[PDB]
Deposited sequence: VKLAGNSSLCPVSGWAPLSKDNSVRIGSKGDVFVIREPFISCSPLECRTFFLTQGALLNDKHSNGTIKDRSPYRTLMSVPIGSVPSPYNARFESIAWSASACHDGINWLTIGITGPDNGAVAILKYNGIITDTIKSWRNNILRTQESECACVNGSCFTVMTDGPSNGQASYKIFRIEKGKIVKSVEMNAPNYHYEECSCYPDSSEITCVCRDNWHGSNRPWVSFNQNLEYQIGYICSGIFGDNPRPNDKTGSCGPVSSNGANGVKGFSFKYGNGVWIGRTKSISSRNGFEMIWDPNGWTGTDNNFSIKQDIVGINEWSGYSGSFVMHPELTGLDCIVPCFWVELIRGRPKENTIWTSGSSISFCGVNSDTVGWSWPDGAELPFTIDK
């Protein structure tokens, strides 16, 4: 049965641990893959962890030999249980309630091609349009009403690039618009469904200490801006969750360095520029080194609830480190020091 995604995002007062991936103590003598920036996506039956690898084992990069593989959430990414998904140096994935959609980018940095697979079968492709490193989300893609959306970027990492939003049905591209977003930069977008709309929070690698966002409907009509908590432009992939005018911001404790990770609830942060917030919870302590982060969601079809549960993953730098994921609850929680 196809995912609906017409319900609202669940109100969460706190965040609690879900799983720990990329364990390295097991890797000391065990056959385990050397992976970086794993991402999590969920089906109606189970959650899975996706990663890119060249097959390099520990105790033993745009590459045509680099592939996307996956294991059940919390499992060890070993060559003996990882499933093969696609060939890609940049990739994203999601489940539409029927099967898995996998989007992978392979080929030369001057003529890259994205190969779209549905249930293991190649269904479509999309070739570079500005000929300069085609790249995708490196996260879960959002699905609403059996269709799964995504945001792709082609162009310079330090300048004005072209951005395109794609609606994909059963592996095929049915609609696609080009964004008019001058002076915005949208790399590594973290997207989630909310009441039959798609909301994405992206990484500005050009001139934005704050994070840009794009919001769009199934027809691909869109709005843009920055999280005001300046509303204009003022990096590492991140995320946030919209609740009316309030926003849950995932960020480091330090500004100049990668230290700590905390989740702040700013009830007027979507539209206001004030620094006020109501509550805060420590996810990662100041001594640890925080790194890449992104969101994923658990749909009603999986949780048995009448709303969508917001979750997220933080990769701790330590080097590779570990990818710890957490999920949102409305019950009591404490700060966490890993």
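Missing from the model relative to the deposited sequence are positions 61-68, 238-251, 257-262, 347-355, 376-387 (no C-alpha coordinates, numbering from 1).
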